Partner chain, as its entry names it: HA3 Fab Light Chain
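Okay, so here's just one chain, in structure tokens, the form deposited without the partner chain.
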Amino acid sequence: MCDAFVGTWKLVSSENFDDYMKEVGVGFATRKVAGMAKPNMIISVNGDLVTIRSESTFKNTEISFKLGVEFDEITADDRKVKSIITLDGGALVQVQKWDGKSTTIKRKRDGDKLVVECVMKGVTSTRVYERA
């Protein structure tokens, strides 16, 4: 089931991502650089360890994690958060928490695409990736 996600994925469309970063509290200059980037997302599994890398001109990131186990993460916009990632309706669902706030990032397969739905306080961004 994790293998539905394993691979290299290139970004293909992006909707409401600006509004979403705005709720998150990302600054103006960062919001415009991040918005132009068009990153790859790479997913791998080594045993019970999952790795998501994201790569672009803006920033290279990587989280390594076990499903269902809280871990510390520094996001690309520099929030220090607690994340838990679960497999949930066949989707990887990540909840990020910091300073009383939370955001949910859902990665789900739909046809040959990987759809990423980030939500915070009503504002939903959608980003679609295809295989490389």
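Residue numbers count along the first chain shown, from 1. Take the two forms, find the largest set of C-alpha atoms that superpose within 1.5 Å, and that set is the rigid core.
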query: Farther-lying stretch by C-alpha RMS in 8 other deposited structures of this protein (rigid core fit) among 30 to 38, 65 to 73; finding: 30 to 38
query: Greater root mean square CA deviation, 97 to 105 compared with 53 to 61 in 8 other deposited structures of this protein, core aligned; finding: 53 to 61
query: Residue range whose averaged C-alpha B-factor is higher in the record, 32 to 40 or 81 to 89; finding: 32 to 40
query: Modelled-residue ranking by C-alpha temperature factor, third containing residue 64; finding: lowest
query: Third of the chain's Cα B-factor distribution that residue 58 belongs to, per the entry; finding: highest
query: Record-listed C-alpha B factor of residue 52: chain third; finding: middle
query: Residue 121 - Cα temperature factor, lowest/middle/highest third of chain; finding: highest
query: Within-chain third of residue 76 by Cα B-factor, per the entry; finding: highest
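The same protein has a further form, the form deposited with the partner chain bound, not shown here; the description that follows concerns it.
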{"query": "4.5 angstroms heavy atom contact with the partner chain in the bound PDB entry for residue 31", "finding": "yes"}
{"query": "Close approach of residue 105 to the partner chain in the bound PDB entry, 4.5 Å, heavy atom", "finding": "no"}
{"query": "Those residues of 76 to 108 which, in the bound PDB entry, come within 4.5 Å of the partner chain by heavy atom", "finding": "101"}
